[PDB]
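The file final-v3.txt contains compact mmCIF, C-alpha atoms:
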```
# COMPACT_ATOMS: atom_id res chain seq x y z
CA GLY A 20 60.17 25.73 8.69
CA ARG A 21 59.10 27.30 11.99
CA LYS A 22 62.07 29.79 11.68
CA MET A 23 61.61 30.58 8.01
CA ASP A 24 58.27 32.13 8.91
CA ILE A 25 59.70 34.47 11.56
CA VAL A 26 61.99 35.69 8.79
CA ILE A 27 59.10 36.22 6.34
CA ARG A 28 57.16 38.30 8.88
CA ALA A 29 60.23 40.37 9.79
CA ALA A 30 60.95 41.03 6.13
CA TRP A 31 57.41 42.02 5.31
CA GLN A 32 57.43 44.45 8.22
CA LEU A 33 60.57 46.15 6.88
CA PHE A 34 59.52 46.20 3.26
CA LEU A 35 56.34 48.02 4.31
CA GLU A 36 57.90 50.54 6.58
CA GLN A 37 60.98 51.29 4.33
CA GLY A 38 60.67 49.75 0.91
CA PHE A 39 62.51 46.86 -0.71
CA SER A 40 65.85 48.40 -1.65
CA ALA A 41 66.12 50.28 1.65
CA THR A 42 65.88 46.96 3.50
CA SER A 43 69.03 44.88 3.75
CA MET A 44 69.39 41.14 4.29
CA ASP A 45 71.54 42.29 7.17
CA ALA A 46 68.65 44.17 8.79
CA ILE A 47 66.33 41.24 8.10
CA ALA A 48 68.62 38.72 9.78
CA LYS A 49 68.91 40.95 12.85
CA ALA A 50 65.18 41.67 13.08
CA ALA A 51 64.40 37.96 12.79
CA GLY A 52 67.20 36.96 15.20
CA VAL A 53 69.19 34.71 12.87
CA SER A 54 72.71 34.54 11.52
CA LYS A 55 73.34 35.54 7.97
CA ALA A 56 74.45 31.98 7.28
CA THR A 57 71.00 30.80 8.35
CA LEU A 58 69.15 33.48 6.48
CA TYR A 59 70.96 32.75 3.25
CA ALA A 60 70.49 29.01 3.57
CA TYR A 61 66.71 29.60 3.42
CA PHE A 62 66.86 32.38 0.88
CA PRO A 63 69.63 32.77 -1.65
CA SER A 64 68.81 36.46 -2.09
CA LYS A 65 66.66 39.34 -1.05
CA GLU A 66 64.96 39.05 -4.51
CA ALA A 67 64.19 35.38 -3.86
CA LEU A 68 62.85 36.29 -0.45
CA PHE A 69 60.39 38.81 -1.90
CA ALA A 70 59.36 36.42 -4.60
CA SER A 71 58.41 33.94 -1.84
CA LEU A 72 56.19 36.58 -0.22
CA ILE A 73 54.61 37.41 -3.56
CA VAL A 74 53.82 33.84 -4.71
CA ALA A 75 52.61 32.77 -1.29
CA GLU A 76 50.36 35.73 -0.64
CA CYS A 77 49.07 35.76 -4.23
CA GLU A 78 48.23 32.01 -4.22
CA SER A 79 46.47 32.52 -0.90
CA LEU A 80 44.31 35.32 -2.38
CA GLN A 81 43.44 33.16 -5.26
CA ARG A 82 41.98 30.47 -3.00
CA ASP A 83 39.64 33.06 -1.32
CA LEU A 84 38.18 33.93 -4.73
CA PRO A 85 35.39 31.62 -5.88
CA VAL A 86 35.58 29.55 -9.06
CA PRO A 87 32.42 30.91 -10.54
CA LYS A 88 29.84 28.32 -11.43
CA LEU A 89 27.35 28.91 -14.19
CA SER A 90 24.97 26.55 -12.34
CA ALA A 91 24.68 29.28 -9.63
CA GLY A 92 23.05 31.67 -12.11
CA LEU A 93 24.97 34.03 -14.36
CA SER A 94 24.41 37.21 -12.28
CA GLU A 95 24.86 35.64 -8.87
CA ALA A 96 28.12 34.04 -9.96
CA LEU A 97 29.49 37.34 -11.22
CA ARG A 98 28.08 39.19 -8.27
CA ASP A 99 29.81 36.71 -5.92
CA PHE A 100 33.07 37.07 -7.83
CA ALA A 101 32.99 40.84 -7.83
CA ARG A 102 32.19 40.86 -4.13
CA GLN A 103 35.17 38.74 -3.28
CA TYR A 104 37.36 40.69 -5.69
CA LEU A 105 36.64 43.92 -3.89
CA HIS A 106 36.93 42.46 -0.39
CA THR A 107 40.33 41.14 -1.31
CA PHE A 108 41.18 44.57 -2.76
CA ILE A 109 40.25 46.45 0.33
CA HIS A 110 41.55 44.08 3.03
CA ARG A 111 44.64 42.51 1.39
CA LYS A 112 48.12 43.13 0.32
CA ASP A 113 47.68 44.10 -3.38
CA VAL A 114 47.84 47.88 -2.61
CA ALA A 115 50.82 47.42 -0.26
CA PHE A 116 52.63 45.20 -2.75
CA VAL A 117 52.09 47.69 -5.53
CA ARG A 118 53.38 50.60 -3.39
CA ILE A 119 56.46 48.59 -2.57
CA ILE A 120 57.19 47.59 -6.16
CA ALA A 121 56.26 51.01 -7.57
CA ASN A 122 58.77 52.53 -5.13
CA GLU A 123 61.55 50.65 -6.89
CA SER A 124 61.12 52.81 -9.99
CA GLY A 125 61.51 49.82 -12.34
CA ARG A 126 64.77 48.41 -10.95
CA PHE A 127 63.11 44.97 -10.51
CA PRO A 128 61.07 44.10 -13.62
CA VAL A 129 61.09 40.37 -12.92
CA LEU A 130 59.48 40.83 -9.50
CA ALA A 131 57.07 43.35 -10.92
CA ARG A 132 55.95 40.94 -13.58
CA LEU A 133 55.83 38.06 -11.11
CA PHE A 134 53.38 39.97 -8.97
CA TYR A 135 51.29 41.01 -11.96
CA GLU A 136 51.06 37.47 -13.31
CA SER A 137 50.56 35.94 -9.89
CA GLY A 138 47.76 38.25 -8.82
CA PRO A 139 45.93 40.70 -11.10
CA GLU A 140 46.44 38.69 -14.28
CA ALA A 141 45.58 35.48 -12.48
CA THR A 142 42.30 37.01 -11.44
CA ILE A 143 41.60 38.01 -14.98
CA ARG A 144 42.29 34.45 -16.21
CA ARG A 145 39.98 32.81 -13.70
CA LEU A 146 37.13 35.05 -14.62
CA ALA A 147 37.97 34.70 -18.29
CA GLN A 148 37.55 30.93 -18.13
CA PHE A 149 34.17 31.46 -16.56
CA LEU A 150 33.19 33.93 -19.22
CA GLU A 151 34.31 31.52 -21.92
CA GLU A 152 31.75 29.04 -20.46
CA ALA A 153 29.02 31.65 -20.46
CA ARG A 154 29.69 32.44 -24.13
CA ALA A 155 29.72 28.74 -25.04
CA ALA A 156 26.25 28.62 -23.42
CA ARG A 157 25.14 31.57 -25.64
CA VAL A 158 24.24 33.56 -22.50
CA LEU A 159 26.95 36.26 -23.11
CA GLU A 160 28.53 37.68 -26.30
CA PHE A 161 32.04 39.10 -26.76
CA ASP A 162 35.13 38.57 -28.99
CA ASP A 163 37.80 37.92 -26.37
CA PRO A 164 37.40 36.40 -22.88
CA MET A 165 40.40 38.03 -21.24
CA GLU A 166 39.46 41.37 -22.66
CA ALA A 167 35.95 40.90 -21.32
CA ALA A 168 37.18 39.85 -17.91
CA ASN A 169 39.38 42.91 -17.70
CA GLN A 170 36.43 45.09 -18.67
CA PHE A 171 34.27 43.56 -16.02
CA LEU A 172 36.86 44.14 -13.29
CA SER A 173 37.59 47.60 -14.48
CA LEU A 174 33.94 48.53 -14.13
CA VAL A 175 33.53 47.00 -10.75
CA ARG A 176 36.73 48.34 -9.23
CA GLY A 177 36.12 51.67 -10.92
CA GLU A 178 38.02 54.39 -9.12
CA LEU A 179 38.31 52.65 -5.76
CA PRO A 180 42.08 52.23 -6.09
CA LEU A 181 42.50 55.98 -6.31
CA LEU A 182 40.15 56.70 -3.48
CA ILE A 183 41.88 54.17 -1.21
CA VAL A 184 45.29 55.54 -1.97
CA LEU A 185 44.04 59.04 -1.14
CA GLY A 186 42.54 57.71 2.05
CA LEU A 187 39.01 58.61 1.06
CA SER A 188 37.51 55.19 0.52
CA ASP A 189 35.24 54.05 3.26
CA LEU A 190 33.17 51.09 2.19
CA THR A 191 30.43 49.57 4.21
CA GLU A 192 29.16 46.24 2.84
CA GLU A 193 26.07 48.17 1.48
CA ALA A 194 28.35 50.66 -0.28
CA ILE A 195 30.20 47.73 -1.86
CA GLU A 196 26.94 46.11 -3.06
CA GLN A 197 26.14 49.35 -4.84
CA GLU A 198 29.52 49.42 -6.59
CA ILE A 199 29.02 45.90 -7.78
CA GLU A 200 25.43 46.22 -8.95
CA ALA A 201 26.32 49.27 -11.06
CA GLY A 202 29.28 47.53 -12.65
CA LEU A 203 27.41 44.33 -13.32
CA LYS A 204 24.31 46.02 -14.70
CA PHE A 205 26.49 47.77 -17.28
CA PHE A 206 28.54 44.74 -18.19
CA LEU A 207 25.42 42.72 -18.86
CA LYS A 208 23.94 45.56 -20.80
CA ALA A 209 26.86 45.16 -23.26
CA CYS A 210 27.27 41.38 -23.38
CA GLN A 211 23.80 39.93 -22.82
CA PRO A 212 22.44 39.11 -26.25
CA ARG A 213 19.75 41.77 -26.88
CA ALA A 214 16.64 39.66 -27.56
CA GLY B 20 51.95 88.30 -7.63
CA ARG B 21 55.46 87.31 -8.67
CA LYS B 22 56.49 87.37 -4.94
CA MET B 23 53.95 84.66 -4.60
CA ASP B 24 55.15 82.49 -7.51
CA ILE B 25 58.71 82.22 -6.34
CA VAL B 26 57.18 80.93 -3.06
CA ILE B 27 55.01 78.39 -4.84
CA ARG B 28 57.97 76.95 -6.76
CA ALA B 29 60.10 76.80 -3.61
CA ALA B 30 57.36 75.01 -1.71
CA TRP B 31 56.75 72.50 -4.49
CA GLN B 32 60.51 71.77 -4.49
CA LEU B 33 60.46 71.02 -0.76
CA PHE B 34 57.27 69.04 -0.72
CA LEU B 35 58.75 66.82 -3.42
CA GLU B 36 62.13 66.45 -1.75
CA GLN B 37 60.81 65.92 1.82
CA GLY B 38 57.03 65.55 1.91
CA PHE B 39 54.38 67.92 3.18
CA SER B 40 54.57 67.41 6.94
CA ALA B 41 58.38 67.41 6.99
CA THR B 42 58.46 70.90 5.32
CA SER B 43 58.09 73.99 7.51
CA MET B 44 56.85 77.47 6.64
CA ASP B 45 60.16 78.54 8.00
CA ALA B 46 62.12 76.48 5.44
CA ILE B 47 59.81 77.73 2.69
CA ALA B 48 60.37 81.39 3.54
CA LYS B 49 64.12 80.90 3.55
CA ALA B 50 64.19 78.91 0.30
CA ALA B 51 62.07 81.58 -1.40
CA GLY B 52 64.03 84.47 0.11
CA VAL B 53 61.19 86.19 1.95
CA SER B 54 60.40 87.20 5.48
CA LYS B 55 57.87 85.18 7.42
CA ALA B 56 55.70 88.31 7.56
CA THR B 57 55.63 88.32 3.77
CA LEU B 58 55.03 84.60 3.48
CA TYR B 59 52.13 84.61 5.89
CA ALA B 60 50.53 87.65 4.30
CA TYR B 61 50.14 85.58 1.12
CA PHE B 62 49.37 82.32 2.78
CA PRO B 63 47.74 81.98 6.14
CA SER B 64 49.03 78.45 6.57
CA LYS B 65 51.03 75.65 5.11
CA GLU B 66 47.69 73.84 4.39
CA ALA B 67 46.45 76.88 2.48
CA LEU B 68 49.69 76.97 0.58
CA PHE B 69 49.34 73.39 -0.60
CA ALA B 70 45.74 74.01 -1.55
CA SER B 71 46.94 76.76 -3.90
CA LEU B 72 49.29 74.31 -5.54
CA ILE B 73 46.58 71.77 -5.89
CA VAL B 74 44.09 74.11 -7.49
CA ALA B 75 46.77 75.50 -9.81
CA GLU B 76 48.15 72.12 -10.89
CA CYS B 77 44.68 70.63 -11.25
CA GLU B 78 43.40 73.54 -13.39
CA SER B 79 46.52 73.19 -15.53
CA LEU B 80 45.87 69.51 -16.17
CA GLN B 81 42.23 70.31 -17.13
CA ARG B 82 43.34 72.68 -19.89
CA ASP B 83 45.20 69.72 -21.48
CA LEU B 84 41.84 67.97 -22.14
CA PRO B 85 39.45 68.80 -25.00
CA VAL B 86 35.89 69.98 -24.70
CA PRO B 87 34.22 67.22 -26.66
CA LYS B 88 31.95 68.40 -29.51
CA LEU B 89 29.06 66.33 -30.70
CA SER B 90 29.41 67.98 -34.14
CA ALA B 91 32.74 66.06 -34.51
CA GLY B 92 30.90 62.75 -34.49
CA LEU B 93 30.10 60.86 -31.31
CA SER B 94 32.90 58.29 -31.58
CA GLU B 95 35.62 60.68 -32.70
CA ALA B 96 34.80 63.02 -29.88
CA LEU B 97 35.04 60.27 -27.28
CA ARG B 98 38.05 58.82 -28.98
CA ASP B 99 39.76 62.23 -28.76
CA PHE B 100 38.87 62.61 -25.10
CA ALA B 101 40.06 59.15 -24.22
CA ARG B 102 43.30 59.73 -26.08
CA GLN B 103 44.07 62.87 -24.07
CA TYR B 104 42.92 61.20 -20.86
CA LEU B 105 45.48 58.43 -21.26
CA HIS B 106 48.28 60.77 -22.13
CA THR B 107 48.06 61.91 -18.51
CA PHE B 108 48.79 58.40 -17.20
CA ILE B 109 51.58 57.61 -19.58
CA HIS B 110 53.51 60.83 -18.99
CA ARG B 111 52.94 60.44 -15.29
CA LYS B 112 51.56 63.93 -14.92
CA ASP B 113 49.74 63.12 -11.62
CA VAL B 114 52.22 60.79 -10.03
CA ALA B 115 54.48 63.05 -7.99
CA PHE B 116 51.50 65.03 -6.83
CA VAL B 117 49.59 61.94 -5.66
CA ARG B 118 52.59 60.43 -3.96
CA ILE B 119 52.79 63.53 -1.77
CA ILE B 120 49.22 63.28 -0.55
CA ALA B 121 49.33 59.52 -0.30
CA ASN B 122 52.46 59.73 1.79
CA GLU B 123 50.51 61.66 4.44
CA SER B 124 48.56 58.45 5.21
CA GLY B 125 45.25 60.31 5.51
CA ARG B 126 46.31 63.01 8.02
CA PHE B 127 44.93 65.62 5.61
CA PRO B 128 41.52 64.44 4.31
CA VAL B 129 40.43 67.95 3.33
CA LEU B 130 43.41 68.42 1.01
CA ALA B 131 43.00 64.88 -0.31
CA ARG B 132 39.33 65.58 -1.17
CA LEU B 133 40.23 68.94 -2.65
CA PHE B 134 42.62 67.21 -5.03
CA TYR B 135 40.05 64.55 -5.89
CA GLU B 136 37.35 67.12 -6.64
CA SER B 137 39.74 69.43 -8.49
CA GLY B 138 41.20 66.74 -10.78
CA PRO B 139 39.79 63.22 -11.17
CA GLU B 140 36.21 64.16 -10.37
CA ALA B 141 36.56 67.24 -12.56
CA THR B 142 37.45 65.01 -15.49
CA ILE B 143 34.36 62.96 -14.81
CA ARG B 144 32.19 66.10 -14.73
CA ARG B 145 33.49 67.44 -18.08
CA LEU B 146 32.76 64.18 -19.79
CA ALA B 147 29.45 63.92 -17.99
CA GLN B 148 28.24 67.23 -19.46
CA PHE B 149 29.21 66.01 -22.94
CA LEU B 150 27.35 62.74 -22.34
CA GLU B 151 24.30 64.67 -21.13
CA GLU B 152 24.26 66.31 -24.63
CA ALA B 153 24.57 62.98 -26.38
CA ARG B 154 21.62 61.65 -24.41
CA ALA B 155 19.54 64.77 -25.17
CA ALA B 156 20.32 63.97 -28.82
CA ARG B 157 18.98 60.40 -28.30
CA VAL B 158 22.30 59.02 -29.52
CA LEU B 159 23.22 57.44 -26.14
CA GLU B 160 20.99 55.99 -23.37
CA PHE B 161 21.79 55.82 -19.63
CA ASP B 162 20.23 56.89 -16.27
CA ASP B 163 23.08 58.95 -14.78
CA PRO B 164 25.67 61.03 -16.66
CA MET B 165 28.39 61.00 -13.95
CA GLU B 166 28.00 57.27 -13.53
CA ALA B 167 28.32 56.79 -17.26
CA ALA B 168 31.35 59.02 -17.45
CA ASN B 169 33.00 57.06 -14.69
CA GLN B 170 32.24 53.85 -16.49
CA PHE B 171 33.69 55.13 -19.72
CA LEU B 172 36.95 56.19 -18.07
CA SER B 173 37.21 53.05 -16.04
CA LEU B 174 37.01 51.04 -19.26
CA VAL B 175 39.49 53.06 -21.17
CA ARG B 176 42.05 53.32 -18.45
CA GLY B 177 41.52 49.70 -17.52
CA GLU B 178 44.61 48.41 -15.79
CA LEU B 179 47.08 50.80 -17.33
CA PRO B 180 47.64 52.80 -14.24
CA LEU B 181 48.78 49.64 -12.49
CA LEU B 182 51.02 48.52 -15.32
CA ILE B 183 52.66 51.96 -15.56
CA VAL B 184 53.26 52.14 -11.86
CA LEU B 185 54.89 48.71 -11.94
CA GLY B 186 57.00 49.83 -14.85
CA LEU B 187 55.52 47.24 -17.22
CA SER B 188 53.59 49.51 -19.55
CA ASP B 189 55.21 50.52 -22.81
CA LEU B 190 52.67 52.06 -25.09
CA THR B 191 53.30 52.85 -28.69
CA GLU B 192 50.66 55.07 -30.33
CA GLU B 193 49.13 52.04 -31.98
CA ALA B 194 48.96 50.26 -28.64
CA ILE B 195 47.12 53.22 -27.19
CA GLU B 196 44.63 53.34 -30.07
CA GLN B 197 43.89 49.69 -29.33
CA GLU B 198 43.17 50.44 -25.64
CA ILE B 199 40.82 53.16 -26.57
CA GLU B 200 39.01 51.31 -29.30
CA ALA B 201 38.33 48.38 -26.97
CA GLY B 202 36.99 50.61 -24.22
CA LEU B 203 34.89 52.69 -26.53
CA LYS B 204 33.50 49.69 -28.43
CA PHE B 205 32.23 48.25 -25.17
CA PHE B 206 30.85 51.50 -23.84
CA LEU B 207 28.90 52.04 -27.05
CA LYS B 208 27.74 48.43 -26.97
CA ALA B 209 25.98 49.26 -23.69
CA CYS B 210 24.72 52.84 -24.32
CA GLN B 211 24.02 53.04 -28.06
CA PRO B 212 20.31 52.43 -28.45
CA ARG B 213 20.19 48.94 -30.01
CA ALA B 214 18.24 49.54 -33.23
```

Just dump the structure as structure tokens.
Amino acid sequence: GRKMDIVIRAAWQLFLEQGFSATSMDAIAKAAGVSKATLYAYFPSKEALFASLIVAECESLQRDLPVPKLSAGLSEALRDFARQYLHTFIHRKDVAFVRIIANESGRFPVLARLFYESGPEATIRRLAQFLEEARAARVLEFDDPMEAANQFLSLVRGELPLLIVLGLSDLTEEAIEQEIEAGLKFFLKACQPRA
Amino acid sequence: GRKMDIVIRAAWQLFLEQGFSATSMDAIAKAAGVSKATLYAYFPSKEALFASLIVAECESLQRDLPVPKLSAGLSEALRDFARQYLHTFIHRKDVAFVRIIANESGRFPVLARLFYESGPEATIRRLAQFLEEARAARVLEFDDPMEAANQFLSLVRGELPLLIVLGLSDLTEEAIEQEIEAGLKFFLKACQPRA
């Protein structure tokens, strides 16, 4: 319980610095100061270990996103959600996770999909349920809620992933507000019923 | 002229195999079979050498894209451009190149920005000048052409880059047409003058 966490942190450190495949359960045990018997009692395999990291970190992220309320106002709800989406993008593991998994060159499709469904797709679904509410209230129009959620996020996140990866993204809070307001303005321009 | 190309290819080989910083002008000269005097006459520095590769690769990629014609029909033009834009992601034309810069962890911001401006931003600008024509023809409406171009591409590309990188994208031609049609439909829903 108290030990399992020292293992997690040691493993994360190695996965970042070297990648998944280049990190052995052997190295992990030694970095965390445990016997292999111990290590394997907590985690039946390196794949299971990484899955723990993924589900845990991804569920954590998902708690720091709001559940958008239509009572808050349509715009402010979306604006809030975008804001938190981008803060999580910038300051959390999603980029690191993707580098790590992308480095595996498709050797681990189950882990890849687990991340996708636990994070990115989960974000889409939360927003989608909110959008379904907004459409039920006749305050937005669109054929598919997931599709519309994905469109919204795509606009808001724009080309920030690329910029970050290249090390060119530097986003003050005011810079972020601008990214959001542009994305939102456009999204509403396409889904607000013209009237 | 040809002395210089054998060098380019040798340098690209090393940068791929070992990264930028781990590759020395010395190793490059020896791999290309030239004297250091010769090497440095063509390229004043390793940074300058990589810049040549960037400009060359980025111009190459830009020839793969159409120049969209408004005579073709608005939709079909955009649909063409989107189609060619996505081909770049699927066939991973940028990936090795970006990995090299990304792997420098922002030690070389000038080269990173040169790539950005020579590729990604260049794509935005081409589309932006087409959009500026469409607006002059009163057939689309928007305040800023670069912004609108970015929005268009963000919609179309959506989350495909991520899926590809994770090794979860498998796109039949029909699947691709669906991605495009969704992105375009939405873009037009916001910029076509509602009438």

Chain B contacts on chain A, all atoms listed in the file, 7 Å, as a PDB file with C-alpha atoms, keeping the file's coordinate frame:
```pdb
ATOM      1  CA  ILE A 120      57.190  47.590  -6.160  1.00  0.00           C
ATOM      2  CA  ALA A 121      56.260  51.010  -7.570  1.00  0.00           C
ATOM      3  CA  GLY A 125      61.510  49.820 -12.340  1.00  0.00           C
ATOM      4  CA  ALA A 131      57.070  43.350 -10.920  1.00  0.00           C
ATOM      5  CA  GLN A 170      36.430  45.090 -18.670  1.00  0.00           C
ATOM      6  CA  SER A 173      37.590  47.600 -14.480  1.00  0.00           C
ATOM      7  CA  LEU A 174      33.940  48.530 -14.130  1.00  0.00           C
ATOM      8  CA  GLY A 177      36.120  51.670 -10.920  1.00  0.00           C
ATOM      9  CA  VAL A 184      45.290  55.540  -1.970  1.00  0.00           C
ATOM     10  CA  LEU A 185      44.040  59.040  -1.140  1.00  0.00           C
ATOM     11  CA  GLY A 186      42.540  57.710   2.050  1.00  0.00           C
ATOM     12  CA  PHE A 205      26.490  47.770 -17.280  1.00  0.00           C
ATOM     13  CA  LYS A 208      23.940  45.560 -20.800  1.00  0.00           C
ATOM     14  CA  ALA A 209      26.860  45.160 -23.260  1.00  0.00           C
TER      15      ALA A 209
END
```

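Going from atom CA of residue A:78 to atom CA of residue A:142 covers 10.6 Å.
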
Computed gap from atom CA of residue A:193 to atom CA of residue A:158 is 28.1 Å

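Among B:109, B:136, B:212, B:159, the residue with the shortest atom-to-atom distance to residue B:191, counting all atoms listed in the file, is B:109.
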
Exercise: residue B:71 partners within 10 Å, only C-alpha atoms, chain neighbours under 6 positions left out, as a PyMOL selection string
chain B and resi 27+62+65+77
